[PDB]
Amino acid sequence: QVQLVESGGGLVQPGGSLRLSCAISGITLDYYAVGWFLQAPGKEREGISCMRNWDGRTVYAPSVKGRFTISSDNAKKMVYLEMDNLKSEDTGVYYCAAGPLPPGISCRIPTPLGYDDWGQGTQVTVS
């Protein structure tokens, strides 16, 4: 079965930087998507960045565009989320999710639908 385990996170003052990682394993699909979801206090899981595996194309949320960067390694084993210029609005739990995707289709955010495997989550506090 697919396992998505997150690492990184914690407390950071505003304007700082942080990198999360999502160690994926068991995914043998030819076409799938990997995304990062933010569960803010009060709000529900909303996608802020995703990518498809075959060409690496990414789409970001306007809230995080220009500050956050999702990327993958060559071995397709680790998916990172580089957070820059953090602010109070970014505080919450961050999950990485994976799900199938039709060929030649952009990955979907901020919907949680289409992602069948999730991680345990990571608390990121910016204050």
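We number the residues from 1 along the sequence you see.
Which of the two stretches, 69-77 or 50-58, shows the higher mean Cα temperature factor in the record?
Result of the comparison: 69-77.
Could you tell me which third, lowest, middle or highest, the C-alpha B-factor of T28 occupies within its chain?
Lowest third - that is where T28 ends up once the chain's C-alpha B-factors are sorted.
For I105, return the chain-relative third of its C-alpha B-factor as stated in the PDB record: lowest, middle or highest.
Answer is lowest: the recorded C-alpha B-factor places it there.
Going by the entry, which third of its chain does the Cα temperature factor of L38 land in?
Middle third of the chain for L38's C-alpha B-factor.
Pull the Cα B-factor of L20 out of the PDB entry and bin it into the chain's lowest, middle or highest third.
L20: CA B-factor falls in the middle third of its chain.
Is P14 in the lowest, middle or highest third of its chain when residues are ranked by C-alpha B-factor?
Within its chain, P14 is a highest-third residue by C-alpha B-factor, going by the deposited values.
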